[PDB]
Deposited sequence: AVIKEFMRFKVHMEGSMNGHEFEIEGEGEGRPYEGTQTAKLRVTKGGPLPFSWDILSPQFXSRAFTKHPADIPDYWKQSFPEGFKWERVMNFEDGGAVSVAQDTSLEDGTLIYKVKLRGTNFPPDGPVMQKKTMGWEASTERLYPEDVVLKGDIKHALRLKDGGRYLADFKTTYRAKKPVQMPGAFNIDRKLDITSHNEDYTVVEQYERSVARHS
């Protein structure tokens, strides 16, 4: 089995938010069959980011999703070659983010490369004003379409004032070789920022992801 019971990853992200360019480098680890992982990220250009970290946190790992025995694991089967994913996040105030990612495996370590472009965020909105406080627990509804898996999330960020800020995620996952396709299923996820320095230029996050039947 290529994906072992313990695995590490390295991630590099380049992106822009309302024209502000930045770069992130990070490293993570977890237990792919238990669905748990952590990562430590460092802003290496464009810091401190002039926007909420919460936009970036869901972009930093579906190989770490616990699957029941009766749901084929689209992502784990794709290795060693790996998979790609592309995502669009549409926020209720008009902000929009496109993300593209490549996942590979080099010398036993997972390698994540991410490009992100966010536009049209209102200058006084919760993203540019850093008024969000993390993602609510979520369920991604996934379905196969020929050889790819597509997922939809009706998601929400918490606000410092106690309100909510809605976003729709649409993601396509594309294995780099044929795999046994699952039927449609759900992934329940909880993503937390566990630590950060004062200006969010060094951040740690934790995620638990579990696949289940509808």
Unmodelled intervals of the deposited chain, in order: 61
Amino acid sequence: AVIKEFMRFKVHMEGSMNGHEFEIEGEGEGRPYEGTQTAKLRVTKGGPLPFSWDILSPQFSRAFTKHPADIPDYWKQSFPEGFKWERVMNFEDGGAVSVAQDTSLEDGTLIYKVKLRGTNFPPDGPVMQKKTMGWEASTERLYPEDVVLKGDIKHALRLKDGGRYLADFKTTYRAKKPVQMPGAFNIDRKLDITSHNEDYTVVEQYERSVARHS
From here on, numbers count along this sequence of modelled residues.
Tell me which of 37-45 and 154-162 has the higher mean C-alpha B-factor in the deposited entry. 154-162
Consider only the C-alpha atoms of the modelled residues in this chain, order them by B-factor as the entry records it, and name the third containing residue 97: lowest, middle or highest. lowest
Please place residue 143 in the lowest, middle or highest third of its chain by C-alpha B factor as given in the entry. highest
Residue 125: CA B-factor among chain residues, third -> lowest
Residue 182: C-alpha B-factor third of its chain, per the entry, is the highest
Can you work out whether the C-alpha temperature factor of residue 70 puts it in the lowest, middle or highest third of the chain? highest
